[PDB]
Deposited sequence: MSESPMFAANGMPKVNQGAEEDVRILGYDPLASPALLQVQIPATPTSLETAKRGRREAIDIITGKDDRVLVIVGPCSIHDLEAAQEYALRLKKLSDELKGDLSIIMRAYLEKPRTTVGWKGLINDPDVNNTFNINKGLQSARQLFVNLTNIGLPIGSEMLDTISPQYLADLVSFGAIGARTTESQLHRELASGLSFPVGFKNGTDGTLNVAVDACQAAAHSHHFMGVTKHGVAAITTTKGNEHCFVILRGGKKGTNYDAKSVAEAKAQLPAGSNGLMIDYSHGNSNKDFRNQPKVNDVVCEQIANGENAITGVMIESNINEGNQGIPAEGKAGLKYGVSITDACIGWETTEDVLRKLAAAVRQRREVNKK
């Protein structure tokens, strides 16, 4: 313990779950989000699954406002799109920086993780309680025990798609899991991850009672590849999509395309450009594209962490604002309708 400063007590999952119960609405919402997401990625439904919302959540009330606008849009476009809100609680850093709402809910380097788990769970109940399903990046392998009952979708980030621990984690999650392609822009690691996660694994993990035990998973048949560009370039276009389709094994689920990150080339204004190219593929009969991801907030851009934060603006990566989001989604729903025409 030369490099361990200390340990602080942590409430168990079971304890937090009693303290912050899911409402029946929250639970039905999470189940429905899972059902719709499965039906889409497995080709039973010809709608597109859309994971859309903030790069990260740092503000429960602004997250609620965003959610109410998203749910309204989602009610309008539900013939064409199954919408899940990005409610991301955990942020992998290039080196160091704010890791998200759980790790440091006060965003002031006090690292009050019990309050962070309380805030995260309260947030997930608040969003799902209005009938809006949520998804998050599953970065921590312990935190999902606190939150999994409320979640309809998990992502594994580009920096952890290759990680055996994250493939083991995904193999035991009760909802669909998207693996990002690697930061270098190649697909093989995400295809490999979906294979690995489809198998049962045995590994040490923390239970609802907060104790380590040996977990046996069943394997998760609802993992899919997310194309998110990378060093080798963007990969949302028809040729990259064809390339991806060629690498997918029998039994594979549909592809999801992330408009942001590697596919935006360091500029949120590019998300609508990626939309137009993806919509052209879909409208013209591409059925292997079953999902998209969009980094969207109330207002566009991002800001520094100095509290004196501007309302409704990301404190991590730059997002498109709400108004651009509505345009992009209506455009995407139009493309879904056209694809239906092509398929008849």
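According to the record, C-alpha coordinates are lacking for deposited residues 1-21, 328-331, 370.
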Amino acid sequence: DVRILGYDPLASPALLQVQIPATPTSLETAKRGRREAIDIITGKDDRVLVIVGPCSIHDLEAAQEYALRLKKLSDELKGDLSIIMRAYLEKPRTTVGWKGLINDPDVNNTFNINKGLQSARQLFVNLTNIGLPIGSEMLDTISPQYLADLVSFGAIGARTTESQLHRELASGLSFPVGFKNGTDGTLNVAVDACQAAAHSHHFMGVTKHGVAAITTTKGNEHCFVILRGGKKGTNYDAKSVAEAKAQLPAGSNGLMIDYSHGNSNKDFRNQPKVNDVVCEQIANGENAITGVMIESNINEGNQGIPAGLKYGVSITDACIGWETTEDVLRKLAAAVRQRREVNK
From here on, numbers count along this sequence of modelled residues.
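We call the rigid core whatever largest set of C-alpha positions still superposes within 1.5 Å between the two forms.
Each structure in 7 other deposited structures of this protein is fitted to the shown form on the rigid core, and of 245-253 and 78-86 the C-alphas lie farther away on average for 245-253. Judged by the one-third criterion across other entries of this protein, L309, though modelled here, is missing from at least a third of those that model both its neighbours. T94, though modelled here, lacks coordinates in at least a third of the other entries of this protein that were compared and that model residues flanking it.
When the two stretches 309-317 and 46-54 are set side by side, the higher mean Cα temperature factor goes to 309-317.
Note on 165-173 vs 178-186: mean CA B-factor is higher in 178-186. Of all the options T217, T94, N114, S82, the entry's greatest CA B-factor is assigned to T94.
Among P272, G154, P133, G157, the highest C-alpha B-factor recorded in the PDB entry belongs to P272. Ranked by C-alpha B-factor against the other modelled residues of its chain, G229 falls in the lowest third. In the PDB entry, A196 places in the lowest third of its chain by CA B-factor.
Ranked within its chain, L68 lands in the highest third, by CA B factor from the PDB record. Annotation for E36: CA B-factor lies in the lowest third of the chain's modelled residues. Among the modelled residues of the chain, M293 sits in the lowest third by CA temperature factor in this PDB entry.
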